[PDB]
Structures are given as C-alpha cells and as structure tokens.
C-alpha cells in the first residue's frame, strides 16, 4: 500500500513560549493547486483499496434498493391550501406539494429543478400571515450562506428579486408587511437583524439590531409572535448562552426591553398570550423550565414558573391553544399537555420508546401531527386531536424494514469516574452474545446535543448485514441537562472520551463484540471524539471512522464557524492551562511515530463551511506518515447527492467489514 507522498513544511507555531511544528500547514488551503492535487491522489489510493472488496457492490445495491420508497410529510395549512412534502423515493430533495378542497394535488415547489445536479437545496420556508406570499431560503453548494427567495403563492412566480448575503438566519413575518432576517453586512463578524419590507429593495432594509457597539454579537436571531404582537431578538457569541430582547409591536416606535441581558443562560420564546411572554429557559434550572413574565417588565427577577423544572430535560412546543411539554427519560420521549394557564390536561400516550417530532401548530389548528421513530422503527406519522386527545395513525412508513425483526435495547454502563451512562444497542433478532458480531459504536458528546433514537436506512442495512449498532449518550450532550453538558466542556472534555472508551469496554465485556470486530464512528464533534479515542487508545478498536471532524484543537478557532465554539472547547489562546489541556488531547497533535493505529477511513468534503477540510486533511496526512502497523490509514474526500451518499455509506461499510477480516458478507 503506497500512500501519496505528502510534503512537510517548516511552519512552527508558538503558544506561551512553547513551540509546535505544523508541517502540513499548506493543506489548510483547500483551494490551492497543491492541495487539490493531493486530494485527487488520495482519493485514487482510496478507491483502489476499496476495489479489493468483492461485496461492496452488493452493499451499494442493497442500500440503493432499500432507500427507494415513497415518503410523505405531515400536511400544514397556509391560506386556502394544504401543503405537504413528498418524495417518490427516487428524488434527491423532497418536493413541496399543495392541494385545495376536493381538488387534485399539484406540485408547488420542486427544489430538484432549481439545479441540474440538484446542488442547490431548500432550507427554510416561511409564509406570510395570510399565506399569500412565501419566503424561503436556498443554500447553493454546501455552504452556510443563503438567499431568501420571495414567491407569490397563487401564481407560483417570483414576487421580487432574492435577498442576498443571508446567513445563520431565521425568516419571521410581521403580518403581511415583510419579515425579519439576519445578515453580516448592510443593507464581518457582527451579525445584524434587518427588516425586509415587501415592495422595497434590500439595500433599503431597516437595521433593527446589531450595529452599535453595545449590540455587537456573533449570532442574532429575530422572531415575531404568531399574533404579531411582539418581536423577540436573541443575541449570542457562542453556541450556548444568549441575551434576549423584546419589542412591543402594537405600540408606535416601541423601545427594546431586556428579557435577559447576560449570557449566563439560554432563554427562548415559546409564545405569548396577551402581554404575557412564555419562555423556555435553563436559568436557575439545569433541566430547563417554562416561565411567564409580562412583556412590559420582562427581567429574570420577575419570571414566574409555568412548568417548573423536573428531574428530566424539558422541551416545549405549542399548538392549537395548548403547550406540549416533551420530557427526556434516558434519551427517550414522553409528552404532556398543558393549557396556557399551566394546568395539566393529560399525559399523551406515545406509540413506544423513541423520539417524537411535531406537536407544533398555529393557535387555531383543529388537529396536530407528530412523528414517532427509533432505531428499529422507521418514521411514522400520527394525528392528535387536541381537545379529546385522540390519536390516530396518519401515515405508516413505506420503508422496507419490519420493526419486529430487530432488537433495540437500553443498557447502562459506568465510566472511569463511576458515572452511569446510557447506551442503546440495536441488531437483528437471533444474534448471539459470543463477542464476534461486527459492531459500530457511535457517539457525539458535546454542545448540549442529545442523541435520541433515530431511524436510519444506512443503519438498518448494517443491522441486516448482521452488524450491531450502539449509541452512547456521553457527557457533553444534553441528555441529563446542563450538568451533563458542562461535565464535558472545556477542561472536562476528557470525560467525554473516557465515557466513550468505557462504552467500548462494556460492549466487549457483555459479549456483544470483541476488539477485532469493533469500529467506532462519529461526525464533526463526533469526529473529534473518534480522533481523540483512536490516538489515546489505538488498542481499543479495529476500525476508526472520523467524519468531518475537528481534529486540530490548537487552530480550530482561527477558522470558519470555529470562532463560535469556545463555550464547549475553550481556545489555545485563553491561557496556558487551556493550551496545555487542548494540546493534551488534540488528535492531530497526539498521533505518534511508531504507533500501530486501527484501520482508518477519514471522510470529508473537498470544501466545507462549518468544519474546514484542513482538519481531516492534516490528520490523514499525519496518520499516513506515523502509522507503524499493517492497518491502512485512508481518507475519502467527497467531490447527485443521495446517490453520492449511498456511495459513501457503501464505501464505509465495505471498508469496515473487510478490515474486520470478512471476505463474504456476515450474512
């Protein structure tokens, strides 16, 4: 196996008088002739290696087939039509359909046509109060930038020229006058809120917040309440914590009032009832609570509990004049229904143990819809009649997978410090705990993100191939509130890696699998997780699959959206203690010459806005130069989409099973 030669530069960075060599610094430029040539060469070696795997084709074909099935989302009324997303199984992007009373359904907006190879994608859609105008954002290529298009809903033709330079933005209508959105320029790290009035040019949009020094923030958002009474402005500099402001829209030129003026807690708007604001917050409540306060004196000291904090994490949706409190019980959902006065109407019986979506609707919606799923249960839709609480099946899944053919169980293990951590293990019924089943252990562990049960075609296909899929709810995530999150941020980040290592040990000890049959996987912060564990414990697994990971913890913040993750990671510039902690686990800086790493398949796109390819490029290069054992250190750089995903999903599984010693499908 001959790796492409990777040139070593002379770059040397210094942190607190300490020197650190970075020979692959030139790879940080993913658009230079050199880097693009290296990328091309690498993909060559990789595809050549995968060519050796006989069953790859069968896996791809199995993946393709099982994916082709009709999908249809929940309907939602706007104006005089009911809209709904559909996919006949062969379409890259879901199509928005529309239908009027008794009349036949028609296509309303098909994103696939907006681009030859379906590159451009539909992100968010927002209808005016009357449903006569639709604003929707499109993401060209694969960047965080957007364009907001404006369509006349009746004729389905463009209303005005699209708004440009929109990013990390919402789209919230003030009646039928216009909408609020966010952008970094006028109308480069000072995000601002602007108001676009229909019938005017974007160059004249009025600045609402973010321009004066006191309002400078990296991220700002704006939302107008359903009844058009209040404008809520959130402002933040990092991924956790935000300030919040309110403006009464029934008054003429009302001033901004401060709901929360510090970044010591997250607080967001749920709805309003008259002049009373309903807010979800973790302020003085690690598991979050729902509070109310009068909009005319909305400070934290006046907030009053509507739904008090409990031992489980709270999330709140509103619809049909009710509030729906979703609680997380060991990563699985439970739902309760309350009225705006805080009185509990009932516990809503869910179809089982998993994840629920929905329960979101307008004040007047006669019925609410919700989806249910888990690792063995493909997405199912239900109709919930609010008043009686009657539930009825709305759309069974057309996916080619029978739930009862699988097992999905929850187990708890203990991490290094004794902490109890949940783990959900899924597989085809009939499996024996003899420790030989090929297994993929997945995790994330960060940014208060909770890994709740989710159905995946690619995963269900791994289960059919005889493999085991295990998802650990590591600290760093939000499964057990802020405490769970914080025990995995900054100088505690090692707790996340220890929890992951312990899950690996549990799976072997319980007979699910063994070291040569274990693969660990993760994406982004999960890519960091894999990179950190494979460098600290190369002896723990057979295959490592770090996707789009943050792997250079010393320079991650000098890049892209990296400037916004300091809350969770801290930066090498904060202090020497933080620099030392980061250098202590930074994957890129912990690869050592002479170590035998497991077979690795680093995945990433050639260009990416959120997590720059440089992380993966440099990590892969470093592994190829340092690895001593006979295991291949490869990198697959992606260069239509679902056809490219299936391709990549097949490449990963083929590589994994092949590296575990298989030369014929496990089953």
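Numbering follows the first chain given and starts at 1.
- Item | Unmodelled deposited residues between residue 639 and residue 640, binned | Per the deposited record, the segment joining residue 639 and residue 640 lacks coordinates for 4 to 9 residues.
- Chain break class at residue 187/residue 188 - deposited residues not modelled: In the deposited sequence, 4 to 9 residues between these two have no coordinates.
- Message: Regarding 247 to 255 and 116 to 124, which shows the higher C-alpha temperature factor on average in the entry?
- Response: So the stretch with the higher mean C-alpha B-factor is 116 to 124.
- Item | Comparing 526 to 534 with 346 to 354, the one whose average Cα B-factor in the PDB entry is higher | Higher of the two, by average CA B-factor, is 346 to 354.
- Task: Between 446, 286, 371, 430, let me know which has the highest C-alpha B-factor in the entry?
- Result: Comparing C-alpha B-factors across 446, 286, 371, 430, the maximum falls on 430.
- Which of 561, 471, 547, 291 ranks first by CA B-factor in the deposited coordinates: It is 561.
- Message: Ranking every modelled residue in this chain by its Cα temperature factor as given in the entry, which third contains residue 602?
- Response: As the PDB entry reports it, the C-alpha B-factor of residue 602 lands in the middle third of its chain.
- Query: For residue 382, does the deposited CA B-factor place it in the lowest, middle or highest third of the chain?
  - Reply: Residue 382: CA B-factor falls in the middle third of its chain.
- Task: Within this chain's modelled residues, let me know which third the CA B factor of residue 78 belongs to: lowest, middle or highest.
- Result: According to the entry, residue 78 has a C-alpha B-factor in the chain's middle third.
- Message: Lowest, middle or highest third: which one holds residue 492 when the chain's residues are ordered by CA B-factor from the entry?
- Response: Lowest third - that is where residue 492 ends up once the chain's C-alpha B-factors are sorted.
- Chain third (lowest, middle, highest) by recorded CA B-factor, residue given as residue 511: It belongs to the middle third of the chain when residues are ordered by C-alpha B-factor.
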